[PDB]
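Scope of the values below: all heavy atoms of this structure, side chains included, with no hydrogens, waters or symmetry mates. Per chain, numbering begins at 1; letters A, B, ... match sequence-line order.
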There are 4 protein chains.
Amino acid sequence: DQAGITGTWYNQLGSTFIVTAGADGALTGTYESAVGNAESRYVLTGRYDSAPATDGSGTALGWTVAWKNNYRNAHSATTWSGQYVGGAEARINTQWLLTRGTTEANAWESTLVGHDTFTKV
Amino acid sequence: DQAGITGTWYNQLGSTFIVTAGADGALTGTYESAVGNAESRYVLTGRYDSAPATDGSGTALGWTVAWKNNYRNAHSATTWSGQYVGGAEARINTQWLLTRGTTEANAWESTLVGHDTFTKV
Amino acid sequence: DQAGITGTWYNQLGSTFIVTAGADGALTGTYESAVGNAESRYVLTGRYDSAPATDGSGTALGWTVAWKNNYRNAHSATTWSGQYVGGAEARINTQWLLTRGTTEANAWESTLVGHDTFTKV
Amino acid sequence: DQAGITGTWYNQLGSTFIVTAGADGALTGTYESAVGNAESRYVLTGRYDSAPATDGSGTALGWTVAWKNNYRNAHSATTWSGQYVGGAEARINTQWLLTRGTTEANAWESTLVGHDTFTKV
């Protein structure tokens, strides 16, 4: 699924996820968020299962973006955990955790959770 | 916090997280899980906020492990999202999402969620 | 939104959520899961914001199902946290946590996370 | 575990959870949050597995609080999903989702996630 995953993906928010899958399981690229006071591209890295089950299962993957680039610093990071589903309409189906740097007093509200679905169009 | 983060961390399960923080926000290293039929070291990559708030806030970070190495393939990936808290007892406080590759029929039960706290001892 | 919420809802899995919203913020009813070896109806209870913002915001709500009825006992419970969005196509948009009773040794894999979207058709 | 669960519990934040477990699986009571601009008691309802496994497993449960009482309205709701662990030091180990009522434009940041551990002291 190296070629399956490599490319440009869009989620339901209009965000842009540009990734290369390495033969070794690497994910590298850039993320551009349509929401959350992000601007321009942010580095992302992650991993995927480079030898997935042959049984019709999705391919497990995740990646991280720290929301610091030359334009802005949100003092936060998102991880997306999900699976690549190949075929007519290839999807990456994810759930994500965004942790903001906080004081101990605000640690309880440090983390947002959501779900993003990525498509090739 | 590059030096703060770089090193060997342990969670409440006896898992071992070995990471280097790059000046550019990179996280690279290896993870060894004490649970979940993992064996030996797995590659991890992630990101951290290399220019955190100066106001006593934690430093946002996350990373990914795909559970494939030369020993095993769980057909899964975990992301940890959290923050590094410096000082006497440095912590990485995380929440995690583990996605298993599944069929569409099992996609609803694809994802586990938990929380790991990492200490330097 | 008492009348808005009261009724029969379906999620993307074909599950059936039958709820009454009380004037006091109560949610009571039954859930029938199309997946996960559930059979027939299970009691649910929850709460909703009976005096929501007037500013176009959704109405916050959640509810719990313990997966025990006269037919089966999964030794588990799901909570759905989300918001009711009124209008042409009323939705309840949720995220959920399913905790299984486990031993301490399996506590780390106790909890599944997902997202369900409920519609009136 | 009806008697096990019934009582007054405290989490790591100094919050107060007062619950009665019904013979029928009901949870009813009040929650007082030490954080998050909550004041005084809020109604909670939930469910627990009234016939748990006999094998040393925890007892699955969850409950909901909508953050409206006579003092305040946060336009939000939290669900706690977890398990009751009996014995010398009885615990309720939970993970929680807090959904705020939002506009569609802010729906992506509607939901906070955390973990609370409740003890009888």
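Listed by first then second residue, pairs satisfying salt bridge (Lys or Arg N to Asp or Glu O under 4.0 Å) with a partner in residues 75-96 of chain D read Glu89(D)-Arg91(D), not counting sequence neighbours. Sorted by first and then second residue, the pairs that involve residues 101-117 of chain C and meet salt bridge (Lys or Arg N to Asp or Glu O under 4.0 Å), not counting sequence neighbours, are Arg100(C)-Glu109(C). Within the structure, salt bridge (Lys or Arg N to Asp or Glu O under 4.0 Å) pairs that include any residue of residues 19-34 of chain C do not occur (at least two apart or interchain). Applying the salt bridge (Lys or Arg N to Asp or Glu O under 4.0 Å) test to every pair with at least one member in residues 70-80 of chain C, sequence neighbours left out, gives these pairs: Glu39(C)-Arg72(C).
For the pair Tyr48(D) and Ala26(D), the tightest heavy-atom approach, listed with the atom from each and the gap, is CE2-O, 3.6 Å. Across all their heavy atoms, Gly101(B) and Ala60(A) have their closest contact at N-CB, 4.0 Å. Among all heavy-atom pairs drawn from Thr59(C) and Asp49(C), the shortest one is CG2-O, 3.2 Å. Closest approach of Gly62(D) and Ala77(C) over heavy atoms only: N-CB, 4.2 Å. Listed here is the closest heavy atom pair of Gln83(D) and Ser110(C): NE2-CB, 3.8 Å. For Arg47(C) against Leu27(C), the heavy-atom pair with the smallest separation is O-CD1, 3.4 Å.
With sequence neighbours left out, the ring pair (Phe, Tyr, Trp, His ring centres under 6.0 Å) criterion links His115(C) to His115(A).
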Could you list the donor-acceptor pairs under 3.5 angstrom formed between side-chain atoms of residues 15-22 of chain C and any protein atom two or more places apart in sequence or on another chain?
from	atom 1	to	atom 2	distance (Å)
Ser15(C)	OG	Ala34(C)	N	2.9

Steps toward side-chain contact (heavy atoms from CB on, under 4.5 Å) verdict (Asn11(B), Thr117(B)): CA-CA 5 Å; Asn11(B) 70 11; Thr117(B) 314; over 6 Å; no
Worked verdict on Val65(A) versus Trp96(A) for side-chain contact (heavy atoms from CB on, under 4.5 Å): CA-CA 11 Å; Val65(A) 168; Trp96(A) 55 258; over 6 Å; no
Check against side-chain contact (heavy atoms from CB on, under 4.5 Å), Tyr42(B) and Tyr71(B): CA-CA 10 Å; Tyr42(B) 300 78; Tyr71(B) 301 91; 5.6 Å; no
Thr79(B) and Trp80(A): CA distance, side-chain angles, deciding distance, side chain to side chain donor-acceptor pair (under 3.5 Å) verdict: CA-CA 7 Å; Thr79(B) 67; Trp80(A) 292 255; over 6 Å; no
Verdict with reasoning, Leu112(A) to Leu112(D), per side-chain contact (heavy atoms from CB on, under 4.5 Å): CA-CA 4 Å; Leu112(A) 293 175; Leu112(D) 293 175; 3.2 Å; yes
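For CG of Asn37(C), the number of neighbouring non-hydrogen atoms (other residues, nucleotides, ligands) closer than 6.0 Å is 12 at most.
In this model, no donor atom of one side chain and acceptor atom of the other lie less than 3.5 Å apart for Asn69(B) and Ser40(B).
Rounded to the nearest 0.5 Å, atoms CD (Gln12(D)) and OG1 (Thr119(D)) are 9.0 Å apart. One finds the OG1 atom of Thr64(A) at 8.5 Å from the CG atom of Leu61(B) (value rounded to the nearest 0.5 Å). Separation of atoms CD (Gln95(C)) and OG1 (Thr111(D)) is listed at 4.5 Å; rounding is to 0.5 Å.
Using modelled atom types, no side-chain atom of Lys68(B) and backbone atom of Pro52(A) make a donor-acceptor pair closer than 3.5 Å.
Close placement of the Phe118(C) and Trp63(C) rings is indicated, their centers lying within 6.0 Å of each other.
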